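Asker: So here's final_6.cif, just mmCIF, C-alpha atoms and all ligand atoms:
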```cif
data_my_file
#
loop_
_atom_site.label_atom_id
_atom_site.label_comp_id
_atom_site.auth_asym_id
_atom_site.auth_seq_id
_atom_site.Cartn_x
_atom_site.Cartn_y
_atom_site.Cartn_z
CA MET A 1 0.00 0.00 0.00
CA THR A 2 1.03 3.68 -0.07
CA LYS A 3 2.06 3.29 3.59
CA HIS A 4 4.87 0.94 2.55
CA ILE A 5 6.35 3.32 -0.04
CA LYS A 6 9.74 4.48 1.27
CA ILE A 7 10.25 8.24 0.78
CA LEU A 8 13.40 10.15 1.76
CA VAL A 9 12.93 13.90 2.24
CA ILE A 10 16.17 15.90 2.20
CA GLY A 11 16.41 19.05 4.36
CA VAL A 12 14.63 20.59 7.31
CA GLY A 13 13.65 23.92 5.87
CA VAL A 14 10.18 24.91 4.94
CA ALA A 15 9.48 22.68 1.92
CA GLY A 16 10.91 19.45 3.38
CA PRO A 17 8.92 19.48 6.61
CA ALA A 18 5.82 20.73 4.78
CA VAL A 19 5.90 17.99 2.14
CA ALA A 20 6.59 15.47 4.89
CA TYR A 21 3.53 16.73 6.74
CA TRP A 22 1.30 16.35 3.69
CA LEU A 23 2.69 13.00 2.59
CA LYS A 24 2.02 11.55 6.05
CA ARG A 25 -1.49 13.01 6.18
CA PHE A 26 -2.12 11.53 2.74
CA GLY A 27 -1.06 8.02 3.79
CA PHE A 28 2.66 7.83 3.07
CA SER A 29 5.66 7.18 5.34
CA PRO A 30 8.32 9.85 4.75
CA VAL A 31 11.57 10.22 6.70
CA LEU A 32 13.68 13.39 6.91
CA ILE A 33 17.39 14.19 7.03
CA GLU A 34 19.15 17.48 7.69
CA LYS A 35 22.86 18.27 7.21
CA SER A 36 22.90 20.82 10.08
CA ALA A 37 22.95 19.86 13.73
CA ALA A 38 19.63 21.59 14.46
CA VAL A 39 17.05 24.02 13.18
CA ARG A 40 18.76 27.38 12.75
CA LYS A 41 17.17 29.96 15.02
CA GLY A 42 16.03 33.32 13.70
CA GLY A 43 17.08 34.09 10.14
CA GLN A 44 15.24 35.85 7.38
CA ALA A 45 11.61 36.91 7.75
CA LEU A 46 9.24 34.76 5.64
CA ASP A 47 5.82 35.80 4.32
CA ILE A 48 2.70 33.67 4.10
CA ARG A 49 0.44 35.34 1.55
CA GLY A 50 -2.52 34.54 -0.69
CA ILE A 51 -3.32 30.82 -1.15
CA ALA A 52 -0.55 29.81 1.25
CA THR A 53 -2.52 31.02 4.29
CA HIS A 54 -5.20 28.46 3.39
CA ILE A 55 -2.60 25.69 3.34
CA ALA A 56 -1.18 26.77 6.69
CA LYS A 57 -4.66 26.83 8.20
CA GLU A 58 -5.33 23.30 6.92
CA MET A 59 -2.02 22.07 8.41
CA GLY A 60 -3.25 23.28 11.79
CA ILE A 61 -0.30 25.64 12.31
CA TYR A 62 -1.77 29.03 11.39
CA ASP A 63 -2.51 30.20 14.94
CA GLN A 64 0.95 29.07 16.09
CA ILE A 65 2.53 31.07 13.26
CA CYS A 66 0.51 34.13 14.24
CA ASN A 67 1.65 33.76 17.87
CA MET A 68 5.29 33.88 16.63
CA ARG A 69 4.72 36.56 13.96
CA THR A 70 7.00 39.54 13.39
CA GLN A 71 5.86 42.63 15.31
CA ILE A 72 7.09 45.68 13.34
CA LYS A 73 4.64 48.48 14.25
CA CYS A 74 5.69 50.89 11.53
CA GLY A 75 8.10 51.13 8.63
CA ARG A 76 9.47 54.40 7.32
CA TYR A 77 10.94 55.40 4.01
CA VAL A 78 13.60 57.98 4.97
CA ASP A 79 15.92 60.18 2.94
CA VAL A 80 19.66 60.23 3.62
CA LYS A 81 19.18 63.12 6.07
CA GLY A 82 16.73 61.09 8.16
CA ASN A 83 13.54 62.90 7.15
CA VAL A 84 10.49 60.67 6.92
CA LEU A 85 9.14 60.55 3.39
CA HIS A 86 6.47 57.88 3.87
CA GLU A 87 5.36 55.85 6.90
CA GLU A 88 3.18 52.71 6.94
CA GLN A 89 1.84 50.36 9.58
CA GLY A 90 3.97 47.25 9.78
CA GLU A 91 1.86 44.76 7.78
CA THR A 92 1.15 47.26 5.00
CA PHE A 93 4.85 48.21 4.99
CA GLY A 94 5.69 44.55 4.31
CA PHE A 95 3.07 44.27 1.53
CA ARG A 96 0.75 42.08 3.64
CA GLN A 97 -3.00 42.39 4.25
CA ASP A 98 -5.94 40.36 5.57
CA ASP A 99 -4.86 37.02 7.14
CA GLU A 100 -1.34 37.23 5.72
CA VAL A 101 1.53 36.99 8.20
CA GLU A 102 5.31 37.17 8.51
CA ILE A 103 7.50 34.94 10.66
CA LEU A 104 11.24 34.40 11.04
CA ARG A 105 12.39 31.26 9.23
CA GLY A 106 13.65 29.51 12.35
CA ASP A 107 10.41 30.06 14.22
CA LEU A 108 8.42 28.70 11.26
CA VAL A 109 10.62 25.63 10.92
CA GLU A 110 10.22 24.92 14.64
CA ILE A 111 6.43 24.96 14.24
CA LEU A 112 6.61 22.78 11.14
CA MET A 113 8.73 20.22 12.98
CA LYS A 114 6.38 20.20 15.99
CA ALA A 115 3.57 19.38 13.56
CA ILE A 116 5.47 16.30 12.26
CA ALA A 117 6.75 15.08 15.66
CA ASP A 118 5.76 11.54 14.58
CA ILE A 119 8.03 11.57 11.46
CA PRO A 120 11.60 10.20 11.78
CA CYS A 121 14.21 12.94 11.38
CA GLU A 122 18.02 12.58 11.41
CA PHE A 123 20.17 15.71 11.81
CA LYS A 124 23.89 15.84 11.02
CA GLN A 125 23.15 13.66 8.00
CA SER A 126 23.64 14.14 4.25
CA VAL A 127 23.69 12.13 1.01
CA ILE A 128 27.00 11.98 -0.88
CA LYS A 129 25.85 9.76 -3.79
CA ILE A 130 22.53 8.98 -5.52
CA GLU A 131 21.94 6.34 -8.12
CA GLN A 132 18.65 5.18 -9.49
CA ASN A 133 17.18 2.52 -11.74
CA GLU A 134 13.58 1.68 -12.61
CA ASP A 135 13.05 -0.08 -9.24
CA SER A 136 14.79 2.00 -6.59
CA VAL A 137 16.84 5.00 -5.48
CA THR A 138 20.09 3.95 -3.84
CA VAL A 139 21.37 6.64 -1.47
CA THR A 140 24.86 6.74 0.07
CA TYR A 141 25.10 8.71 3.28
CA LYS A 142 28.16 10.68 4.30
CA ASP A 143 29.65 7.79 6.30
CA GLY A 144 29.31 5.27 3.45
CA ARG A 145 26.11 3.60 4.69
CA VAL A 146 23.72 2.78 1.86
CA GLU A 147 19.93 2.68 1.87
CA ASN A 148 17.31 2.18 -0.81
CA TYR A 149 14.18 4.27 -1.21
CA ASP A 150 11.25 4.23 -3.58
CA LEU A 151 11.37 8.03 -3.98
CA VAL A 152 13.66 10.91 -2.94
CA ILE A 153 12.27 14.46 -2.49
CA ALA A 154 15.04 17.06 -2.14
CA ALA A 155 14.21 20.24 -0.20
CA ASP A 156 17.89 21.20 0.31
CA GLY A 157 17.73 24.90 -0.68
CA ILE A 158 18.79 27.22 -3.45
CA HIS A 159 22.38 25.87 -3.58
CA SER A 160 21.05 22.27 -3.67
CA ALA A 161 23.59 19.49 -3.84
CA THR A 162 20.90 17.07 -5.01
CA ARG A 163 20.15 19.24 -8.03
CA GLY A 164 23.79 19.17 -9.01
CA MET A 165 24.02 15.41 -8.40
CA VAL A 166 20.93 14.51 -10.42
CA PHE A 167 20.48 17.07 -13.22
CA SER A 168 22.90 18.34 -15.86
CA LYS A 169 23.53 22.02 -16.62
CA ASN A 170 21.38 21.67 -19.69
CA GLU A 171 18.46 20.91 -17.36
CA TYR A 172 18.44 24.03 -15.20
CA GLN A 173 19.42 27.68 -15.38
CA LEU A 174 20.79 29.88 -12.61
CA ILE A 175 19.21 33.21 -13.43
CA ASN A 176 21.27 36.13 -12.15
CA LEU A 177 19.14 39.22 -11.48
CA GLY A 178 22.09 41.61 -11.42
CA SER A 179 22.03 42.38 -7.73
CA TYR A 180 23.38 41.39 -4.36
CA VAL A 181 21.87 41.05 -0.90
CA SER A 182 23.53 41.19 2.51
CA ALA A 183 22.22 41.12 6.06
CA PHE A 184 23.71 41.05 9.52
CA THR A 185 22.81 41.66 13.16
CA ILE A 186 24.33 44.47 15.23
CA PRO A 187 23.55 46.11 18.59
CA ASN A 188 20.51 48.32 18.44
CA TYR A 189 22.53 51.48 18.83
CA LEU A 190 19.67 53.80 17.77
CA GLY A 191 17.21 52.23 20.19
CA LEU A 192 14.68 51.33 17.52
CA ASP A 193 11.46 49.87 18.93
CA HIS A 194 9.53 47.51 16.62
CA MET A 195 10.40 49.81 13.71
CA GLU A 196 12.07 49.52 10.31
CA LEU A 197 13.78 52.28 8.38
CA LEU A 198 14.46 52.09 4.67
CA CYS A 199 16.75 54.41 2.68
CA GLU A 200 17.41 54.16 -1.04
CA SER A 201 19.47 55.56 -3.89
CA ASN A 202 19.15 54.87 -7.63
CA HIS A 203 20.85 51.46 -7.44
CA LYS A 204 20.90 50.65 -3.69
CA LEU A 205 18.71 50.09 -0.67
CA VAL A 206 19.57 49.85 3.03
CA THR A 207 17.23 48.74 5.81
CA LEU A 208 17.68 48.81 9.56
CA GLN A 209 15.16 47.43 12.03
CA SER A 210 14.61 46.15 15.55
CA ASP A 211 11.76 43.77 16.38
CA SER A 212 11.85 40.77 18.71
CA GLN A 213 15.22 41.48 20.40
CA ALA A 214 15.17 44.94 21.96
CA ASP A 215 18.96 45.21 22.08
CA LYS A 216 19.56 43.97 18.51
CA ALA A 217 18.99 45.49 15.07
CA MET A 218 19.08 43.73 11.70
CA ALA A 219 20.76 45.60 8.83
CA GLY A 220 20.03 44.79 5.21
CA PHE A 221 21.57 45.84 1.91
CA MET A 222 20.29 45.26 -1.60
CA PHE A 223 22.03 46.72 -4.61
CA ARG A 224 22.40 46.36 -8.35
CA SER A 225 25.94 45.80 -9.58
CA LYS A 226 27.56 44.25 -12.64
CA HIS A 227 30.64 43.41 -10.56
CA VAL A 228 31.65 39.76 -10.24
CA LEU A 229 33.66 38.62 -7.25
CA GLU A 230 36.84 36.61 -7.72
CA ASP A 231 35.33 34.09 -5.28
CA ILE A 232 31.68 34.78 -4.45
CA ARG A 233 31.92 32.57 -1.37
CA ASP A 234 34.95 34.45 0.02
CA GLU A 235 33.56 36.29 3.02
CA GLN A 236 36.42 38.79 3.31
CA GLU A 237 35.94 39.72 -0.35
CA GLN A 238 32.19 40.04 0.31
CA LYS A 239 32.75 42.48 3.17
CA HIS A 240 35.28 44.57 1.22
CA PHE A 241 32.84 44.74 -1.72
CA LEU A 242 29.93 45.72 0.50
CA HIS A 243 31.99 48.36 2.23
CA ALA A 244 33.31 49.77 -1.08
CA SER A 245 29.85 49.78 -2.64
CA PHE A 246 28.31 51.76 0.23
CA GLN A 247 31.23 54.09 1.13
CA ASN A 248 29.36 57.08 -0.42
CA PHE A 249 25.76 56.15 0.52
CA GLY A 250 25.34 58.34 3.63
CA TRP A 251 22.60 58.03 6.24
CA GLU A 252 23.29 55.27 8.84
CA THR A 253 25.57 53.13 6.62
CA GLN A 254 28.81 54.25 8.30
CA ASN A 255 27.35 53.44 11.71
CA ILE A 256 26.09 50.08 10.38
CA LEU A 257 29.26 49.11 8.54
CA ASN A 258 31.42 50.20 11.47
CA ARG A 259 29.65 47.45 13.47
CA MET A 260 29.86 44.82 10.71
CA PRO A 261 33.16 43.24 11.87
CA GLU A 262 31.62 42.21 15.20
CA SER A 263 28.35 40.77 13.75
CA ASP A 264 28.12 36.93 14.01
CA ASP A 265 25.27 36.15 11.47
CA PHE A 266 26.73 37.84 8.38
CA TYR A 267 24.94 36.80 5.15
CA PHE A 268 25.87 37.78 1.59
CA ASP A 269 24.74 36.39 -1.78
CA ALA A 270 23.91 37.13 -5.36
CA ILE A 271 20.22 37.39 -6.12
CA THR A 272 19.50 34.29 -8.22
CA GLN A 273 16.52 32.24 -9.46
CA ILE A 274 16.36 28.56 -10.33
CA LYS A 275 14.61 27.84 -13.66
CA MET A 276 14.00 24.17 -14.56
CA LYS A 277 11.84 22.69 -17.32
CA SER A 278 11.43 19.58 -15.11
CA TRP A 279 11.88 19.52 -11.31
CA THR A 280 11.92 15.72 -11.45
CA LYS A 281 14.01 12.92 -12.95
CA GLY A 282 12.91 9.36 -12.53
CA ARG A 283 12.20 8.66 -8.84
CA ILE A 284 13.73 11.98 -7.65
CA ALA A 285 11.91 15.29 -7.26
CA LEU A 286 13.21 18.72 -6.29
CA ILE A 287 11.02 21.04 -4.25
CA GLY A 288 11.27 24.51 -2.66
CA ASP A 289 14.20 26.78 -3.43
CA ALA A 290 16.22 23.81 -4.80
CA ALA A 291 13.73 23.56 -7.65
CA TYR A 292 12.24 27.00 -8.11
CA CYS A 293 13.82 29.70 -5.86
CA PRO A 294 12.20 33.07 -6.82
CA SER A 295 14.93 35.07 -4.98
CA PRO A 296 14.47 37.53 -2.09
CA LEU A 297 13.47 40.28 -4.48
CA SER A 298 10.21 38.33 -4.97
CA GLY A 299 9.19 37.79 -1.33
CA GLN A 300 7.37 34.64 -2.52
CA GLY A 301 9.84 31.85 -1.71
CA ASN A 302 7.98 30.60 1.32
CA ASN A 303 4.68 30.67 -0.58
CA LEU A 304 6.20 28.50 -3.32
CA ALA A 305 7.53 26.06 -0.71
CA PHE A 306 4.05 25.62 0.83
CA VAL A 307 2.24 25.34 -2.49
CA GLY A 308 4.80 22.92 -3.93
CA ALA A 309 4.60 20.72 -0.84
CA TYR A 310 0.80 20.52 -1.01
CA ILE A 311 0.73 19.79 -4.76
CA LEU A 312 3.48 17.21 -4.87
CA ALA A 313 1.98 15.28 -1.94
CA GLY A 314 -1.56 15.50 -3.29
CA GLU A 315 -0.59 14.36 -6.76
CA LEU A 316 1.22 11.39 -5.22
CA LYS A 317 -1.97 10.72 -3.24
CA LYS A 318 -4.20 10.89 -6.33
CA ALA A 319 -1.73 8.66 -8.24
CA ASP A 320 -1.77 6.09 -5.38
CA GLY A 321 1.99 6.54 -5.29
CA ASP A 322 2.64 6.22 -9.01
CA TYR A 323 5.45 8.74 -9.21
CA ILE A 324 5.68 8.84 -12.98
CA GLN A 325 2.09 10.11 -13.12
CA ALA A 326 2.37 12.33 -10.03
CA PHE A 327 5.68 13.98 -10.95
CA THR A 328 4.31 14.90 -14.38
CA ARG A 329 1.29 16.52 -12.75
CA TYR A 330 3.49 18.28 -10.19
CA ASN A 331 5.48 19.86 -13.02
CA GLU A 332 2.46 20.73 -15.14
CA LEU A 333 0.19 22.15 -12.47
CA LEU A 334 2.79 24.28 -10.64
CA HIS A 335 5.05 25.72 -13.36
CA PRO A 336 2.78 28.66 -14.35
CA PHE A 337 2.34 29.74 -10.75
CA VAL A 338 6.09 29.47 -10.13
CA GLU A 339 6.81 31.45 -13.29
CA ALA A 340 4.38 34.19 -12.22
CA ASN A 341 6.07 34.55 -8.86
CA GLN A 342 9.56 34.49 -10.36
CA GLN A 343 8.58 37.13 -12.91
CA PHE A 344 7.36 39.30 -10.06
CA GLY A 345 10.88 39.07 -8.64
CA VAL A 346 12.35 39.94 -12.03
CA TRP A 347 10.04 42.96 -12.12
CA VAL A 348 11.27 44.09 -8.71
CA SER A 349 14.91 43.68 -9.82
CA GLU A 350 14.20 45.94 -12.82
CA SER A 351 11.69 48.58 -11.59
CA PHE A 352 11.74 48.86 -7.75
CA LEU A 353 14.54 51.41 -7.64
CA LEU A 354 14.38 54.74 -9.41
CA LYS A 355 17.09 54.55 -12.04
CA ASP A 356 17.22 58.28 -12.89
CA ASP A 357 15.25 59.92 -10.03
CA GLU A 358 15.20 60.58 -6.29
CA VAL A 359 12.55 58.98 -4.14
CA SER A 360 9.77 61.10 -2.71
CA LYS A 361 6.66 60.54 -0.64
CA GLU A 362 4.55 60.31 -3.81
CA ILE A 363 6.79 57.71 -5.45
CA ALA A 364 7.25 55.57 -2.32
CA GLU A 365 3.52 55.61 -1.59
CA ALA A 366 2.45 54.83 -5.17
CA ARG A 367 5.11 52.11 -5.48
CA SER A 368 4.06 50.57 -2.16
CA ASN A 369 0.40 50.54 -3.18
CA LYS A 370 1.28 49.05 -6.58
CA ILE A 371 3.40 46.26 -5.06
CA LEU A 372 0.68 45.41 -2.55
CA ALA A 373 -1.81 45.05 -5.38
CA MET A 374 0.54 43.10 -7.66
CA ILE A 375 1.55 40.72 -4.90
CA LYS A 376 -2.07 40.04 -4.01
CA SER A 377 -2.69 39.32 -7.69
CA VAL A 378 0.27 37.01 -8.17
CA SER A 379 -0.04 35.18 -4.80
CA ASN A 380 -3.68 34.21 -5.52
CA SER A 381 -3.05 33.29 -9.18
CA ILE A 382 -3.34 29.51 -8.85
CA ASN A 383 -6.57 27.59 -8.54
CA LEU A 384 -5.38 25.23 -5.86
CA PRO A 385 -6.41 21.59 -6.21
CA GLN A 386 -8.51 20.02 -3.49
CA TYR A 387 -7.01 16.64 -2.60
CA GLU A 388 -9.41 15.61 0.20
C1 LIG A 401 17.92 37.34 2.35
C2 LIG A 401 16.65 36.54 2.15
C3 LIG A 401 15.42 37.18 2.28
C4 LIG A 401 14.24 36.47 2.09
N1 LIG A 401 13.05 37.12 2.21
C5 LIG A 401 11.87 36.46 2.02
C6 LIG A 401 10.53 37.09 2.15
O1 LIG A 401 10.43 38.30 2.41
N2 LIG A 401 9.44 36.31 1.97
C7 LIG A 401 9.54 35.00 1.66
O2 LIG A 401 8.50 34.34 1.53
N3 LIG A 401 10.70 34.34 1.52
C8 LIG A 401 11.87 35.01 1.70
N4 LIG A 401 13.07 34.32 1.58
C9 LIG A 401 12.96 32.94 1.12
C10 LIG A 401 12.82 31.81 2.05
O3 LIG A 401 13.95 31.93 2.91
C11 LIG A 401 12.90 30.57 1.17
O4 LIG A 401 12.14 30.72 -0.03
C12 LIG A 401 12.37 29.39 1.95
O5 LIG A 401 13.20 29.30 3.14
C13 LIG A 401 12.42 28.14 1.04
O6 LIG A 401 12.64 27.01 1.85
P1 LIG A 401 13.29 25.62 1.41
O7 LIG A 401 12.65 24.73 2.40
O8 LIG A 401 13.21 25.53 -0.08
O9 LIG A 401 14.85 25.87 1.65
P2 LIG A 401 15.65 26.43 2.96
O10 LIG A 401 14.76 27.08 4.01
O11 LIG A 401 16.93 27.09 2.45
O12 LIG A 401 16.06 25.08 3.72
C14 LIG A 401 16.89 24.14 3.08
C15 LIG A 401 17.41 23.23 4.20
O13 LIG A 401 18.13 22.10 3.67
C16 LIG A 401 19.34 21.97 4.44
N5 LIG A 401 20.35 21.38 3.56
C17 LIG A 401 21.10 22.04 2.64
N6 LIG A 401 21.92 21.16 2.01
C18 LIG A 401 21.68 19.94 2.51
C19 LIG A 401 22.21 18.59 2.23
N7 LIG A 401 23.17 18.47 1.28
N8 LIG A 401 21.72 17.56 2.96
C20 LIG A 401 20.78 17.74 3.92
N9 LIG A 401 20.25 18.94 4.21
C21 LIG A 401 20.65 20.07 3.55
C22 LIG A 401 19.69 23.38 4.91
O14 LIG A 401 20.58 23.51 6.02
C23 LIG A 401 18.32 23.96 5.20
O15 LIG A 401 17.89 23.77 6.57
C24 LIG A 401 14.28 35.02 1.74
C25 LIG A 401 15.53 34.39 1.60
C26 LIG A 401 16.70 35.09 1.80
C27 LIG A 401 18.02 34.36 1.65
#
```
Could you rewrite the structure in this file as C-alpha cells?
Ligand SMILES: Cc1cc2nc3c(=O)[nH]c(=O)nc-3n(C[C@H](O)[C@H](O)[C@H](O)COP(=O)(O)OP(=O)(O)OC[C@H]3O[C@@H](n4cnc5c(N)ncnc54)[C@H](O)[C@@H]3O)c2cc1C
Answerer:
Amino acid sequence: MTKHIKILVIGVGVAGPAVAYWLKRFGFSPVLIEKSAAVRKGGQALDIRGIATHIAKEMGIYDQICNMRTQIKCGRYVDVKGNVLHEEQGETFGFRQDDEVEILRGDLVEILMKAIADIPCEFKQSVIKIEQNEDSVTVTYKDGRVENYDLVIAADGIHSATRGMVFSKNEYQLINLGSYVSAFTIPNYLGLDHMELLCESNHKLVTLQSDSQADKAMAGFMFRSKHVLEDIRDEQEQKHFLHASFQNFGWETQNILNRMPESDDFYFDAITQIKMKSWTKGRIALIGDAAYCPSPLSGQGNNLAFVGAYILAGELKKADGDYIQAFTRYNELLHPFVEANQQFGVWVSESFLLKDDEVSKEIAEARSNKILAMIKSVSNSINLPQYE
C-alpha cells in the first residue's frame, strides 16, 4: 500500500517538513534528514500570503505562526538626512494584508517540525551519492552507509547538492538578477522599537530594524551591480565589496558598517533564481528553493515552498503513489504559478529602484500601493487543487 512506499525527504527547511507533513497526512511514510545539527534559530523573515494562508490553516499551524509573527509596528521610508518621506503600519509596509503573516524562518521551521513530531528525522546527516534505476533510489550517506528508497524528495535549498548530483547544466538555469543582498545583526545602537527604516538611492537600498530582540537590530543591503567577485563565497571579499559599494551612501551606513566586523550572522549572496523545465528525474523530485527559488526580491519563496509541498503530496496521493504520473502533474500544475512569482521578482529587480530619479513621498507611496496590489494578484493566481 502507499504506507509501505519508502520516501526520503532531504532538508529541514520549509518545503521538506511541509511535504513530509502532507505526505504523512495523505497516507505515506516519509523520513527526513538534515545536514545541520539543528534548526537554525532566527534568520530571514518569511511571508505567508494569498493561497498559502489556506494551506497553513489546513495544516493546523496558522494560529501558532501568528503567535510567533514579526511585530514591526511601523516602517518608514527615509531620505539620507533622516527625514520621513512615507510611513506605513507594519503589515502594510511589508506588503501584507488580511490574514497574511510574517515569521522568522527559524520560528516557522520549529512549528513545522512540531507538527510532524511523529516523522523520523536525522540531523547531522547528508547524502554523498545517488543512483537510481527503474526499481529504486540507492542513497549513500556521508559515512558510506547505503539505503534504498522508492522516492527521494530534495528540499535542500537554493544551492542544492541534489540538483547538481541529479540534473545536468542543460536541465536548469541559474538566473542572475544583477544584484546582491547582505544582512547582519548588530547592537541596536539607535534604540529602535519595533520599527524599520528604509533608505534608497538609484541602485541601492539599506534597511535597519529592531523587532523581537530589543537590544539587537538587523541591517540589510540590496544593490544592483555588474561586478563579479573573484570568489563569491569568500567572506572577506564580500565584506570589502559591500563596504566599497556603500562608502558614499550616507545616512546610517557608516554606523552600520562600522559594526559589521563584530556581527556573528553575516549573510551575503547574489540574487538568483532557479529555472528548470522539469523539477523531477525518474524517482527523484526537487522542491522549494532547490527547484524554483524566486529570490528575495520576490518575497514569494515561502509561498512557493508551501504550495509545492501541497501539490506534490496530493498528486502522489491521487496517483496512489505512481510517481511517474504524479511527478508529471506536479510539473504541469505548478510551473505557471512558479513562473508568475519568479517574474514578479524579475520585475522588482528591474523597476523597484528609481534609475534616474530621487525617491519622494509620492513615489514611495504609489510604489508601495502598486506592489501590494501586484503581490495580491500574483499570490492568488493559482486555482489550488482540493485533494481531500
Ligand atoms: C535574504 C533573504 C530574504 C528572504 N526574504 C523572504 C521574504 O520576504 N518572503 C519570503 O516568503 N521568503 C523570503 N526568503 C525565502 C525563504 O527563505 C525561502 O524561499 C524558503 O526558506 C524556502 O525554503 P526551502 O525549504 O526551499 O529551503 P531552505 O529554508 O533554504 O532550507 C533548506 C534546508 O536544507 C538543508 N540542507 C542544505 N543542504 C543539505 C544537504 N546536502 N543535505 C541535507 N540537508 C541540507 C539546509 O541547512 C536547510 O535547513 C528570503 C531568503 C533570503 C536568503
Asker: Figure out the distance between atom CA of residue A:256 and atom CA of residue A:186, please, to one decimal in Å.
Answerer: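 Answer for the atom CA of residue A:186 to atom CA of residue A:256 separation: 7.6 Å.
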Asker: May I ask for the distance between atom CA of residue A:252 and atom CA of residue A:196, given in Å to one decimal place?
Answerer: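 Atom CA of residue A:196 lies 12.7 Å from atom CA of residue A:252.
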Asker: Quick one: residues within 12 Å of (20.2, 25.6, -12.0) (file frame), counting all atoms listed in the file, please, as a ChimeraX atom specification.
Answerer: /A:157-176,272-279,286,289-293
Asker: Report, in Å to a single decimal, how far apart atom CA of residue A:75 and atom CA of residue A:298 are.
Answerer: 18.8 Å
Asker: Which residue is closest to ligand LIG 401 (chain A)? Choose from A:251, A:337, A:344, A:141 and count only C-alpha atoms and all ligand atoms.
Answerer: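 Result for the nearest residue to ligand LIG 401 (chain A): A:141.
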Asker: Using all atoms listed in the file, which residue out of A:309, A:297, A:217, A:59 lies closest to residue A:352?
Answerer: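 Checking each candidate against residue A:352, we get A:297 as the closest.
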Asker: Kindly compile the residues surrounding ligand LIG 401 (chain A) within 7 Å, counting only C-alpha atoms and all ligand atoms, and format them as an mmCIF file with C-alpha atoms, keeping the file's coordinate frame.
Answerer:
```
data_model
loop_
_atom_site.group_PDB
_atom_site.id
_atom_site.type_symbol
_atom_site.label_atom_id
_atom_site.label_comp_id
_atom_site.auth_asym_id
_atom_site.auth_seq_id
_atom_site.Cartn_x
_atom_site.Cartn_y
_atom_site.Cartn_z
ATOM 1 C CA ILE A 10 16.170 15.900 2.200
ATOM 2 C CA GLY A 11 16.410 19.050 4.360
ATOM 3 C CA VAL A 12 14.630 20.590 7.310
ATOM 4 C CA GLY A 13 13.650 23.920 5.870
ATOM 5 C CA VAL A 14 10.180 24.910 4.940
ATOM 6 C CA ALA A 15 9.480 22.680 1.920
ATOM 7 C CA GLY A 16 10.910 19.450 3.380
ATOM 8 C CA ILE A 33 17.390 14.190 7.030
ATOM 9 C CA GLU A 34 19.150 17.480 7.690
ATOM 10 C CA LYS A 35 22.860 18.270 7.210
ATOM 11 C CA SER A 36 22.900 20.820 10.080
ATOM 12 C CA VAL A 39 17.050 24.020 13.180
ATOM 13 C CA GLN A 44 15.240 35.850 7.380
ATOM 14 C CA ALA A 45 11.610 36.910 7.750
ATOM 15 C CA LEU A 46 9.240 34.760 5.640
ATOM 16 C CA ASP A 47 5.820 35.800 4.320
ATOM 17 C CA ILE A 48 2.700 33.670 4.100
ATOM 18 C CA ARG A 105 12.390 31.260 9.230
ATOM 19 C CA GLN A 125 23.150 13.660 8.000
ATOM 20 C CA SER A 126 23.640 14.140 4.250
ATOM 21 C CA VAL A 127 23.690 12.130 1.010
ATOM 22 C CA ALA A 155 14.210 20.240 -0.200
ATOM 23 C CA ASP A 156 17.890 21.200 0.310
ATOM 24 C CA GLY A 157 17.730 24.900 -0.680
ATOM 25 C CA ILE A 158 18.790 27.220 -3.450
ATOM 26 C CA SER A 160 21.050 22.270 -3.670
ATOM 27 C CA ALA A 161 23.590 19.490 -3.840
ATOM 28 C CA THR A 162 20.900 17.070 -5.010
ATOM 29 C CA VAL A 181 21.870 41.050 -0.900
ATOM 30 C CA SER A 182 23.530 41.190 2.510
ATOM 31 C CA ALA A 183 22.220 41.120 6.060
ATOM 32 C CA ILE A 287 11.020 21.040 -4.250
ATOM 33 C CA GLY A 288 11.270 24.510 -2.660
ATOM 34 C CA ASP A 289 14.200 26.780 -3.430
ATOM 35 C CA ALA A 290 16.220 23.810 -4.800
ATOM 36 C CA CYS A 293 13.820 29.700 -5.860
ATOM 37 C CA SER A 295 14.930 35.070 -4.980
ATOM 38 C CA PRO A 296 14.470 37.530 -2.090
ATOM 39 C CA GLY A 299 9.190 37.790 -1.330
ATOM 40 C CA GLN A 300 7.370 34.640 -2.520
ATOM 41 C CA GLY A 301 9.840 31.850 -1.710
ATOM 42 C CA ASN A 302 7.980 30.600 1.320
ATOM 43 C CA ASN A 303 4.680 30.670 -0.580
ATOM 44 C CA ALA A 305 7.530 26.060 -0.710
#
```
Asker: Have a look at A:376, A:361, A:69, A:41 and name the one nearest to residue A:86; count all atoms listed in the file.
Answerer: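 Smallest distance to residue A:86 is found for A:361.
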Asker: Edge lengths and centre in Å to one decimal, as JSON, is what I'm after for the box along x, y and z that holds all listed atoms of stretch 304-316 of chain A once 4 Å is added on each side.
Answerer:
```
{"center_x": 3.0, "center_y": 19.9, "center_z": -3.0, "size_x": 17.1, "size_y": 25.1, "size_z": 15.6}
```
Asker: Using all atoms listed in the file, can you tell me which of A:31, A:315, A:152, A:220 comes closest to residue A:388?
Answerer: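 Among the listed residues, the smallest separation from residue A:388 belongs to A:315.
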Asker: Would you mind listing what lies within 12 Å of residue A:238 as a list in words, with only C-alpha atoms counted and same-chain residues fewer than 2 positions away left out?
Answerer: residues 180, 181, 182, 183, 227, 228, 229, 230, 231, 232, 233, 234, 235, 236, 240, 241, 242, 243, 244, 245, 260, 266, 267, 268, 269 and 270 of chain A
Asker: Can you put N, CA and C atoms back into stretch 318-322 of chain A and show it as a PDB file, keeping the file's coordinate frame?
Answerer:
```pdb
ATOM      1  N   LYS A 318      -3.262  11.176  -5.253  1.00  0.00           N
ATOM      2  CA  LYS A 318      -4.200  10.890  -6.330  1.00  0.00           C
ATOM      3  C   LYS A 318      -3.663   9.880  -7.344  1.00  0.00           C
ATOM      4  N   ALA A 319      -2.340   9.704  -7.445  1.00  0.00           N
ATOM      5  CA  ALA A 319      -1.730   8.660  -8.240  1.00  0.00           C
ATOM      6  C   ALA A 319      -1.533   7.350  -7.485  1.00  0.00           C
ATOM      7  N   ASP A 320      -2.006   7.248  -6.232  1.00  0.00           N
ATOM      8  CA  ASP A 320      -1.770   6.090  -5.380  1.00  0.00           C
ATOM      9  C   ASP A 320      -0.289   5.704  -5.388  1.00  0.00           C
ATOM     10  N   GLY A 321       0.559   6.723  -5.356  1.00  0.00           N
ATOM     11  CA  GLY A 321       1.990   6.540  -5.290  1.00  0.00           C
ATOM     12  C   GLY A 321       2.680   6.317  -6.612  1.00  0.00           C
ATOM     13  N   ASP A 322       1.974   6.399  -7.740  1.00  0.00           N
ATOM     14  CA  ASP A 322       2.640   6.220  -9.010  1.00  0.00           C
ATOM     15  C   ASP A 322       3.335   7.542  -9.287  1.00  0.00           C
TER      16      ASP A 322
END
```
